[PDB]
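So in the entry's author numbering, the last spot in the first sequence is 411, and the numbers never skip. The beta-carbon is built from N, C-alpha and C at its ideal position, and this holds for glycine as well.
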Amino acid sequence: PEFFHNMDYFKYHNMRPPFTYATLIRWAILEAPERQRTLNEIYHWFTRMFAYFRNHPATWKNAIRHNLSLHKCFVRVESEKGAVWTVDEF
DNA sequence: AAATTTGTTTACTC
DNA sequence: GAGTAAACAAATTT
Numbered sequence: 322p323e324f325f326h327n328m329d330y331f332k333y334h335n336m337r338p339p340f341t342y343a344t345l346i347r348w349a350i351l352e353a354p355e356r357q358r359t360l361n362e363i364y365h366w367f368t369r370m371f372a373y374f375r376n377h378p379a380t381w382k383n384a385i386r387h388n389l390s391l392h393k394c395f396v397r398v399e400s401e402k403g404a405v406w407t408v409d410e411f
């Protein structure tokens, strides 16, 4: 099922986070010191920070792409080393 | 080329 | 409204 209680950031049990994909990406973007991540680093952040997303990569990687291009608060920026994703706080 | 991750789109269960 | 599902074009790497 989903989270049993009010536990904070324990990623060590394969339990679904109680948060939307839109918000999880937004936190992932703002964790980086430069406030942007590539799509691949977003994938690394998700697997690293949650045990649940370590089992069925295809199902949720599709969601991650779907949310990025559907919300106007996610912006793609070309960089020197490749495309990155930022967040509009407004 | 051709392979394949990387991005936009409309519509189904729940 | 979100979580999936698929379908398809665009970047980006073989």
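Proximity below 7 Å, CB of residue i to CB of residue j
{"i": "residue 343", "j": "residue 383", "result": "no"}
{"i": "residue 374", "j": "residue 381", "result": "yes"}
Beta-bridge partners of residue i, as assigned by DSSP
{"i": "residue 397", "result": "406"}
{"i": "residue 375", "result": "According to DSSP, residue 375 bridges with nothing at all."}
{"i": "residue 352", "result": "The partner list for residue 352 (beta bridge, DSSP) is empty, contrary to what the question assumes."}
{"i": "residue 323", "result": "337"}
{"i": "residue 358", "result": "406"}
When the options are compared against residue i, the one with the closest alpha-carbon
{"i": "residue 337", "options": "355, 401, 377", "result": "377"}
{"i": "residue 369", "options": "331, 395, 341", "result": "331"}
{"i": "residue 345", "options": "399, 385, 397, 400", "result": "385"}
{"i": "residue 379", "options": "352, 390, 348, 364", "result": "364"}
Same chain, Cβ closer than 8 Å to residue i, five either side skipped, listed in chain order
{"i": "residue 339", "result": "323, 324"}
{"i": "residue 396", "result": "406, 407, 408, 409"}
Other residues of its chain near residue i: CB distance less than 7 Å, five sequence neighbours each side excluded
{"i": "residue 350", "result": "356, 357, 358, 406, 407, 408"}
{"i": "residue 401", "result": "none"}
{"i": "residue 333", "result": "372"}
Residues near residue i by beta carbon distance below 6 Å, same chain, minus five either side
{"i": "residue 347", "result": "408"}
{"i": "residue 392", "result": "343"}
{"i": "residue 335", "result": "372, 373"}
Open item on the list: Can you confirm whether the stretch 396 to 408 touches the stretch 355 to 372 when touching is taken to mean that 3 or more C-beta pairs between the two stretches lie within less than 8 Å?
Closed with: yes
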